[PDB]
Amino acid sequence: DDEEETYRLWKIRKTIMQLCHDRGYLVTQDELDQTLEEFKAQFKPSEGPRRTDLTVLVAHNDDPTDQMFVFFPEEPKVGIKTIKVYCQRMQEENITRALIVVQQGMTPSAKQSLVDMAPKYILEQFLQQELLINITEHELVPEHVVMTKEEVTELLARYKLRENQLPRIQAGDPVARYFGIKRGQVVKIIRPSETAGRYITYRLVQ
Amino acid sequence: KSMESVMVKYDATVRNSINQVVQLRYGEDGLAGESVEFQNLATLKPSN
Amino acid sequence: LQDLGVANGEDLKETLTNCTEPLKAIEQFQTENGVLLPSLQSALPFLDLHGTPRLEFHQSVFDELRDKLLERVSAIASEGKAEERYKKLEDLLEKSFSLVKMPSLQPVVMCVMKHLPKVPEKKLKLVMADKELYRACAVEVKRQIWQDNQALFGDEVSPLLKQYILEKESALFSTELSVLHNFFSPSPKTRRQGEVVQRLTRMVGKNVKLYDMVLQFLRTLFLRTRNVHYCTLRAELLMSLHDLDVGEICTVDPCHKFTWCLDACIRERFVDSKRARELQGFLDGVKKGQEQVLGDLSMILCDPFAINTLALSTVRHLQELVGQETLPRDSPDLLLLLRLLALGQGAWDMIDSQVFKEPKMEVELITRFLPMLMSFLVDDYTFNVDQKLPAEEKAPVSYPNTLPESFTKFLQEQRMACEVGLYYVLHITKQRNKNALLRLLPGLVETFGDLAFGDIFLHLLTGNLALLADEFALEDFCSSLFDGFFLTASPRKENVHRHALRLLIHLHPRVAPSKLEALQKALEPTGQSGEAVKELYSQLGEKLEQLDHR
Amino acid sequence: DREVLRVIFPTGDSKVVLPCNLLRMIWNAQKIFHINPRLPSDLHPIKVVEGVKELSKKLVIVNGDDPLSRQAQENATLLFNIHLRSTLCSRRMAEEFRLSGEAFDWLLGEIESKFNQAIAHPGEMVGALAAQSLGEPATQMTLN
Amino acid sequence: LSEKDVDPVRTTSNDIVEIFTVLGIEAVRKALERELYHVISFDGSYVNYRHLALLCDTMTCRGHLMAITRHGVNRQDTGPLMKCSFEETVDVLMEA
Amino acid sequence: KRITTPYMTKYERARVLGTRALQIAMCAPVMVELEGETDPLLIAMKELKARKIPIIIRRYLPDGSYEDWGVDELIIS
């Protein structure tokens, strides 16, 4: 359906903007507040925009040298030729961080290609379905903040521990994928507590 | 048996036989369940 | 008051003195000088009837209505037409400039000029001239004055710069020896929260010409004082402007895109190949006729933390290239590092005379000095692999502790090779291999420009010596550090004396009192040095007293 | 603190669990020192504020002084400090409790001692304790 | 959650593995705590929250769910003698 | 700078009283003047209230290190 297609695409873009804003990337306020009719106005979708045209490039606030692509595929299952096109465009623009949606699934050979080409080109598959909602806004998920290495070492020295002793967070879980953190990262999680007010924990990515 | 070795160790951290930290402070407050009791927060419900 | 035909105290005096009718005149004064609304006049006798003075009513409504004037100028700040805004603001300005001399109506003029980007020149001149007005005027007036008066802008930056150099000297000579904390520990954002840079950014606002005045001040200071610290502030100012996101200055300063990479590297204290390529492009983007920015870049590269970044990147590149079996001539990324560091080290030469040509490198640095570092490193690792291999017979050969002296010739002839060798010395001190350490400790005694006896390497060596805290148990090692190297420049250079003295402060308990007293008598101030070395000597005497009780 | 509790407790329920009863301790101070609320009291409000601040310093769950340690110390005693400040505001102290200065000092000392006694002792096997205390209610449960 | 006019804040489930797949580990911890609080408070009985928090943290300590049965528990990196105490002992002593 | 609490846990109280009572039962010297007592438990409690037991507690911190505490240094509650 064309109407629900534009509604889905608008919420997709909104969730993407909220995501990379949470990742510290440079996101303008208007795209964070972009509405459905505004999403129509900037561009009906089916047999009219494109998943290649909808793709966006965002800069990192901390480091303007770093940029992140968000791609969308025009095909149901992303094929190796599309991965080749995306990574070659990344090579032409000298970028390594790229996010790629999938309409309903990914070819397993493309999964192998993703994990094989990871260090030279960091790619993350992402379901359209899971991307339809910003899961971070749920009531059950507490507030997550990615820690940096100085914070990690100062915490570890403050408690005289090792990375082994901390509680873990599986890297495949959707919140880590939302933040895009890798193995070795550690996330500070602030949550409300009905016996102390606030509670801070630290989860090591694995 | 699953929760056998979980213990409040000095510096008041909840840790297991593996020495992995489970809670930085027991019950998120480092307070035993004995002395605590019911009180009311007087500033929650009243109007501005 | 009399500028607008308003009766002041002098009118009251000339109506009071030489007047045989005080009652009539005072009654007419109180009636005529009331508030011009009819409804109050019915109530003013009743207001006063209780013995309540009308004073309190006057003061309360004075505060209220003046606050409402402030609120309404704040409202018209971004209301409707700019023409209507500035017309009404200039009207109120010229009206209350009569009352700017008053202590209670001056804030009205302050707020009005705070809402004006530019003002008539006479008002600015009176604000500047009258010291009470200038001390009581907001910086919005001062930005325009400095846009037409560079002298007071220099006068304002000068004490802030004095305090900055004072804190820089204290931090470079902060007596606390530890690997964790030193002068180079603070993050760039931590160093950019200084009040000096924030005040300078407020004093510049978003005007290019004030930024150019700050630039020329920094040029004068760095050149005449021969002090790199001002250059750091320049970069900080730019990044503070980048933190403010002023496109008027971000889009005109071509070194802004350079300092993207400089910030991203100096926070890491390492130049990765990506930012190296970016810096290469920025250098290649410099066209003819606009090469002055190269001098600025060299000035921006004269920041000592950037020297630390480049030197450590060179040292770590040379450390990792041994595993890959790649010579320094076979390292284009390393060659780019050498290029950038050479362009950085000649900065004061480029400000002293407007040199916009690249400094040249040394062939023997590529082919003799850095391969001699590699020679030492890989002899050390071959010895280590032999140690990790069993079956070593009695009286094994020591690591070769002979020093090739062309290495030292390059140390004492090339400031480039000198400083990278100093950072290599600090890095091996982190590796804490005594054999190579005492191998190369000779020859560091004579070095180029006294860079081995300067603040940077001395402070870093004192910081790294905490790892060698227990290595002072050998008097041979202590004599090698003190009698060998440190005390060569202690009498003749003040900073070397201070650094050796603070080293004795930290390492007094971990040496015998005989050696401690020997180094104390060797670190007596020469009778003409600063107060710091004498205070350190007094602390040395106190610590020597305290050790006998333990 | 009121806004903070609105964030923490959107359910708008005041019943919470805390190491010490402040109302009954105020009552005990009143009856020990025979305080008559039908009289104008003598308690200085700024003394109440200063004593509350000093007691807040005295109650420590997370030891050490650094940004992380002080942040954790704030978070641990956040709710109890909010409850204490709400209960022992100078308004209600001078309006309804009417407590005396010596009685107020005794109250601060008693709250300090009882809070310090309420700390979870190290060496406690809270694991098995939680396991048994959660297994016991299972013995009496209707099967729906 | 993807359907229109469905509040994606308060919407929730009583299943646990669903929350692990879609929401995340800490959300599973909170939902587990709420479910245990509901089933304990159903009959009016009250239990101190700290015990529930301890159990929920122990179950969610690994970044993934760990059932208290032998399948979940025996995977835990404990000593083999814990596995002697649990059940299915010799099956673990052979691997030891 | 012993970072642990200055209080005596109930488990520490139990162990120190039991050990000192056994010591007194083994004809140890009594570091407090008794008052006609015969049970070692009461004598150990009297010494604990007097803060006159020569035992030193060694609390093992979870990182392998430890703190040492005199009984009189800890807060007996």
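No Cβ is skipped: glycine too gets one built from the backbone with ideal geometry, and neighbour counts run over all protein chains shown. Only the coordinates and a few stated rules stand behind these numbers; no lab work does.
What number do you get for chain D when its Cα radius of gyration is normalised by 2.2 N^0.38 Å, N = residues? Provide the component values of the computation, followed by the final result.
Details: Rg = 18.9 Å, N = 144, 2.2 N^0.38 = 14.5 Å.
So the Cα radius of gyration is 1.30 times the expected 2.2 N^0.38 Å.
Peptides B:28-35, C:363-370: what's the order by average Cβ count within 10 Å, highest mean first? Mind showing how you got there, number by number?
Numbers: B:28-35: 22.1, C:363-370: 18.9.
So the peptides B:28-35, C:363-370, ranked by packing, come out B:28-35, C:363-370.
Taking Rh as the Kirkwood radius, which is the inverse of the mean 1/r over Cα pairs, what is the Rg/Rh value for segment A:1-133?
Looking at segment A:1-133, the ratio lands at 0.95.
Going by C-beta contacts inside 10 Å, put C:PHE282, C:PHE356, D:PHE115 in order with the fewest on the left. Each step should come with its number before you reach the end.
Numbers: C:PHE282 19, C:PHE356 15, D:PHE115 22.
In order of increasing Cβ crowding within 10 Å: C:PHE356, C:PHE282, D:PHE115.
So for the pair C:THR367, F:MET45, with labels modelled 7 Å out along Cα→Cβ, what separation do we get in nm?
Result for the modelled spin labels: 9.2 nm.
Can you list which of the GluC sites (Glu not before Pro) found in segment C:65-108 are DSSP loop residues with at most 12 other C-beta atoms within 10 Å?
Values: sites: C:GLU71, C:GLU79, C:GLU83, C:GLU84, C:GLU90, C:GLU94; in loops: C:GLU79.
Loop-located and lightly packed - C:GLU79.
Using the Karplus equation 6.51 cos²θ - 1.76 cosθ + 1.60 (θ = phi - 60°), what ³J(HN,Hα) coupling, rounded to whole Hz, does each residue of segment A:5-11 give in order, writing x for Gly and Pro?
With coefficients 6.51, -1.76 and 1.60, one gets 5, 5, 4, 5, 5, 5, 5 Hz.
Helix D:45-58 against the longest principal axis of chain D: what's the angle in degrees, Cα atoms only, rounded to the nearest 10?
Once rounded, the angle reads 30 degrees.
Could you calculate the FRET efficiency of A:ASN94 with E:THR89 from 1/(1 + (r/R0)^6), where r is the beta carbon distance between them and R0 is 45 Å, rounded to 0.05?
On the way: r = 59 Å, r/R0 = 1.30.
That pair, A:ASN94 with E:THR89, gives E of 0.15.
Expressed in whole Å with the largest first, what are the equivalent ellipsoid semi-axes of segment C:508-550 derived from the C-alpha gyration tensor as the square root of 5 times each eigenvalue?
Values: eigenvalues 84, 26, 8 Å².
Gyration-tensor ellipsoid for segment C:508-550: 21, 11, 6 Å.
Using 0.36 nm times the number of residues separating C:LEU37 and C:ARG54, minus their current alpha carbon distance, what extension gain do you get?
4.6 nm
Would you calculate the volume per residue, in Å³, of the smallest convex hull containing every Cα atom of segment E:42-90? Mind showing how you got there, number by number?
Values: hull volume 5.8 nm³, N = 49.
Expressed per residue, the convex hull around the Cα atoms of segment E:42-90 is 119 Å³.
What value, in deg cm²/dmol to 500, does the helix sum -39500 (n - 2.57) over DSSP H runs of n ≥ 4 give at 222 nm once divided by the residues of chain C?
On the way: 30 runs with 362 residues, N = 550.
-20500 deg cm²/dmol, from helical runs alone.
Take every DSSP beta bridge whose two residues both sit in segment A:1-133, then give the antiparallel share in percent to the nearest 5. Display every interim value, and only then the final one.
Working: 5 of 17 bridges.
Looking only at bridges with both residues in segment A:1-133, the antiparallel portion is about 30 percent.
Quick one: which residues, 5 or more positions from A:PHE126 or on another chain, have an amide H under 5 Å from its amide H? H modelled 1.01 Å from N in the peptide plane, none for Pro or chain starts.
Counting only residues 5 or more places away or on other chains, the set is A:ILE100, A:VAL102.
Which log10 I(q)/I(0) values does the protein assembly as shown give at q = 0.07 Å⁻¹ under the Debye formula, counting every alpha carbon as one identical point scatterer?
Summing over Cα pairs of the protein assembly as shown leads to -1.04.
Using a 10 Å cut-off on Cβ to Cβ distances, tally the other chain neighbours for every residue of F:64-75 and report the average as a whole number. Present the calculation step by step, with values, prior to reporting the outcome.
On the way: counts 2, 1, 1, 2, 0, 0, 0, 0, 0, 0, 0, 3.
Other-chain Cβ atoms within 10 Å of each residue's Cβ, averaged: 1.
Can you give the percent of C-alpha pairs in chain C whose distance is more than 29 Å? Intermediate values should be presented prior to the final figure.
Working: 99735 of 150975 pairs.
Tail of P(r) above 29 Å: 66 percent of Cα pairs.
Would you give the gap between the C-alpha center of segment E:1-20 and the C-alpha center of segment C:1-30, rounded to a whole Å?
82 Å
Give me C:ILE266, A:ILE181 ranked fewest to most by other Cβ atoms within 10 Å of their Cβ, as a rough exposure proxy. Could you put the intermediate results ahead of the total?
On the way: C:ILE266 24, A:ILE181 20.
Taking fewest neighbouring Cβ atoms as first place, the list is A:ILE181, C:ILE266.
So what is log10(I(q)/I(0)) for chain B at q = 0.17, 0.25 1/Å, when the Debye sum runs over its Cα atoms only?
-0.62, -0.92
Rounded to the nearest 500, what is the 222 nm mean residue ellipticity of chain A from helices alone, with -39500 (n - 2.57) per DSSP H run of 4+ residues and division by all residues? Don't jump to the answer; show the numbers that get you there.
Details: 8 runs with 76 residues, N = 206.
Roughly -10500 deg cm²/dmol at 222 nm, from the helical runs in chain A.
Can you compute the FRET efficiency between B:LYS1 and C:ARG550 using 1/(1 + (r/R0)^6), with r the Cβ-Cβ distance and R0 = 56 Å? Round to the nearest 0.05. Present the calculation step by step, with values, prior to reporting the outcome.
Values: r = 53 Å, r/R0 = 0.95.
For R0 = 56 Å, the calculated efficiency reads 0.60.
Averaged across the residues of E:58-69, what count of C-beta atoms belonging to other chains lies within 10 Å of each residue's C-beta? Mind showing how you got there, number by number?
Values: counts 11, 2, 5, 11, 6, 12, 6, 1, 1, 1, 4, 1.
Other-chain Cβ atoms within 10 Å of each residue's Cβ, averaged: 5.
Using Cβ counts within 10 Å as a stand-in for footprinting exposure, how do C:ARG550, C:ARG415 rank, fewest first? Write down the numbers at each step before the final one.
Values: C:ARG550 5, C:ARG415 15.
Fewest to most other Cβ atoms nearby, the residues stand as C:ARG550, C:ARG415.
Through the Karplus equation 6.51 cos²θ - 1.76 cosθ + 1.60, θ set to phi - 60°, convert the phi angles of segment A:26-35 into ³J(HN,Hα) values in whole Hz; use x for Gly and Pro.
Rounded to whole hertz, the list is 6, 10, 6, 6, 5, 5, 5, 10, 5, 9.
For a Förster distance of 56 Å, can you work out the FRET efficiency between the beta-carbons of A:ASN164 and C:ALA75, rounded to the nearest 0.05? Show your work: numbers first, answer last.
Working: r = 61 Å, r/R0 = 1.09.
For A:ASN164 and C:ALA75, the calculated efficiency is 0.40.
Roughly what angle does helix C:273-284 make with the longest principal axis of chain C, taking Cα atoms, 0 to 90 degrees, to the nearest 10?
Taking the Cα atoms of chain C, the angle to C:273-284 is about 70 degrees.
Partner chain Cβ atoms within 10 Å, averaged over the residues of C:273-281 - can you pull that number for me?
1
What's the percent breakdown of Cα-Cα distances in chain F across 5 Å bins, shortest bin first?
Distribution as computed: 3, 15, 28, 22, 15, 10, 5, 2, 1, 0 percent.
Could you tell me how many degrees, from 0 to 90 and to the nearest 10, lie between the Cα long axis of helix D:101-117 and the main elongation axis, the longest principal axis, of the Cα atoms of chain D?
Tilt of helix D:101-117: around 10 degrees.
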